[PDB]
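Here the structure is laid out as structure tokens; the discussion comes afterwards.
Worth knowing before you read on, the calculation uses all heavy atoms, side chains too, and leaves out hydrogens, waters and symmetry mates. All chains are named by letter (A, B, ...) in the order of the sequence lines, taking the proteins before the strands, and each is independently numbered beginning at 1.
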Number of protein chains: 2
Amino acid sequence: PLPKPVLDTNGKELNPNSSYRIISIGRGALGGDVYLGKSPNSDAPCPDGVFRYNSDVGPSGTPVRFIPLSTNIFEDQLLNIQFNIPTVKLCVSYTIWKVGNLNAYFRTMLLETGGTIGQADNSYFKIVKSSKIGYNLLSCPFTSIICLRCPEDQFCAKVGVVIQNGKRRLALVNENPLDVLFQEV
Amino acid sequence: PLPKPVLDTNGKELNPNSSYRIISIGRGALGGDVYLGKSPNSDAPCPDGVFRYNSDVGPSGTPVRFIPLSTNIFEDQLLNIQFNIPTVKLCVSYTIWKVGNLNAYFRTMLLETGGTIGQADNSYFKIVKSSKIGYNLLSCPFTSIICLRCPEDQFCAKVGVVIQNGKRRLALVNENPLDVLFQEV
Ligand SMILES: *[C@@H]1O[C@H](CO)[C@@H](O)[C@@H](O)[C@@H]1NC(C)=O
Ligand SMILES: *[C@@H]1O[C@H](CO)[C@@H](O)[C@@H](O)[C@@H]1NC(C)=O
């Protein structure tokens with residue numbers, strides 16, 4: 001059963017050598033690209049939160065790029081995500097996607113930057129097919145820990161949104177995964 | 001298939017109304033009861049770490065008690081653990097077992113106090129049968145998050161030991177779960 005590659009909004013497969021906006025299936029109010037923001041309650045000296053805009057009628061998202069364990073970007077395979085933007089050089093670290101510590105208010109972990117590439121921690125995601133339209137992101141935190149009788153001894157979860165100060169904040173959810181598309185820039 | 005009850009070192013089942021030492025199968029140097037200590041690098045104002053002693057030839061453990069979702073203490077069922085000791089009343093909270101945030105050095109989560117009873121977070125454990133001798137503790141953190149295709153959509157892990165400042169610190173492990181016995185006091 002051959003690994004299936006993830007495609008952009010043009011059919012053309014996903015390339016490590018290129019940058020993409022993670023854009024929303026949902027249209028208008030129901031849409032808004034993923035971007036890099038500052039968490040309302042973060043002590044980080046850089047923007048460290050992963051949000052989507054509240055409508056698609058405003059700014060484009062922040063270009064991300066993907067980093068497989070492989071050579072190519074496939075469905076259902078661990079990878080790193082990283083905002084692909086020039087930074088002031090305190091924040092030079094705060095571009096790699098990561099899943100945070102458990103947040104008691106939201107009872108889930110939230111997406112943030114400050115992650116690492118190549119390492120077995122909280123910085124691994126999966127692209128997969130939505131059960132509805134397009135693609136879902138997964139977060140597979142704790143790759144170093146045997147998740148008992150789980151697929152491949154690995155804990156993974158769907159990536160959705162919670163509302164944090166009236167902004168859409170990507171977080172691990174149980175229902176309504178964010179369905180997304182990748183759009184080269 | 002009827003729920004199996006967890007028994008102490010006397011055959012008598014485990015009772016919410018009683019206190020137990022979590023003691024080690026291993027003898028001598030290989031033994032040492034679970035106890036309540038202060039983490040070498042904790043900012044907590046109370047002792048907040050779960051350790052076992054380095055030999056069984058020293059002090060007895062700290063009595064814990066168990067708190068089922070049920071009425072009775074069974075194998076393979078979520079429960080809370082709490083040190084059962086009189087406290088100075090800052091620390092009155094710092095007796096309920098909990099699993100910490102991911103620790104990058106050890107690449108796992110560590111056992112600490114500061115947990116809560118009854119709530120869907122990081123304070124849930126399971127008693128089960130060791131694959132070798134006696135009982136293993138499990139930690140099922142993140143009960144609020146759908147662990148995809150995992151048993152009951154729940155991430156669980158074995159509880160073992162790492163060495164933190166030369167003391168034995170209970171933590172989520174992959175191999176060598178701590179095999180234990182419960183001994184009423
Ligand atoms: C991108 O750049 C390197 C340069 O050698 C190529 O080998 C190529 O395999 C990499 N991947 C793609 C999709 O271009
Ligand atoms: C302990 O105390 C209460 C008092 O009513 C009893 O109902 C009993 O069911 C509880 N459980 C055990 C094992 O004694």
Rounded to the nearest 0.5 angstrom, the SG-CG distance for A:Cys147 and B:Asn174 is 11.0 Å
Test B:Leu148 against every option in A:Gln154, A:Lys158, A:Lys126 by the side-chain contact (heavy atoms from CB on, under 4.5 Å) rule and name the one that passes. A:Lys158
Side chains of B:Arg107 and A:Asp121, heavy atoms from C-beta outward: is any pair under 4.5 Å? no
With chain A as the partner, which of B:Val173, B:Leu102, B:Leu138 has the greatest number of non-hydrogen pairs under 4.5 Å? B:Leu102
Can you tell which part of B:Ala104 gets under 4.5 Å to a heavy atom of chain A, answering side chain, backbone, both or neither? neither
Sequence neighbours excluded, the answer for side chain to side chain donor-acceptor pair (under 3.5 Å) partners of A:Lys4 is none
Residue list, side chain to side chain donor-acceptor pair (under 3.5 Å) with B:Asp56, at least two apart or on another chain: none
Which pair of heavy atoms, one from A:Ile145 and one from B:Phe155, lies closest together, and at what distance? CG2-CZ, 4.2 Å
Within a radius of less than 6.0 Å around CG of B:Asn176, do more than 12 heavy atoms belonging to other residues, nucleotides or ligands occur? no
Most chain A-contacting option - heavy-atom pairs closer than 4.5 Å, from B:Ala157, B:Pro141, B:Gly100: B:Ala157
Look at atom NZ of B:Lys129 and say whether more than 12 heavy atoms of other residues, nucleotides or ligands are closer to it than 6.0 Å. no
Please check if atom CD in A:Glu184 has more than 12 non-hydrogen atoms from other residues, nucleotides or ligands closer than 6.0 Å. yes
